[PDB]
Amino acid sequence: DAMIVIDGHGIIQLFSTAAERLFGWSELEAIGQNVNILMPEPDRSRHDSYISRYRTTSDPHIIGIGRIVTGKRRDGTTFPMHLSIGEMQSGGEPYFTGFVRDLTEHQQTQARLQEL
């Protein structure tokens, strides 16, 4: 599914091909951008504080957990997505992998079934 890797400051390091299809950005456009560009406010401005919180305290909240959130595409449309975060280390620095699954079709079917 969509895979994204960031360093300890939330900057995107690797951006899969599927992530390019899901979010709109090419990998070259994405690499070097903060991860907060893939999500709407209030989370967007808050995100770096979430990572900071985790880094200074070492007490996890969603690391190793899989949850549903709203992502935000290049065109600005929002969508529900299942997010799973992995923490890794390399060259002495922490990295984080996010595996995303688009749930837009699940939300649509569900709404349609409720609508009818």
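Residue numbers run from 1 along the displayed sequence. Definition used throughout: the rigid core is the maximal C-alpha set that superposes within 1.5 Å between two forms.
Asks: How do 73 to 81 and 55 to 63 compare in 6 other deposited structures of this protein: which one has C-alphas farther from this form after the rigid core is matched?
Replies: The stretch that sits farther from the shown form in 6 other deposited structures of this protein is 55 to 63.
Asks: Is the mean CA B factor in the deposited entry higher across 4 to 12 or across 105 to 113?
Replies: The deposited B-factors put 105 to 113 ahead on the C-alpha mean.
Asks: Tell me which of 47 to 55 and 32 to 40 has the higher mean C-alpha B-factor in the deposited entry.
Replies: It is 47 to 55 that shows the higher mean C-alpha B-factor.
Asks: Among the candidates 70, 84, 26, 89, give the one with the maximum CA B-factor reported in the record.
Replies: The record points to 89.
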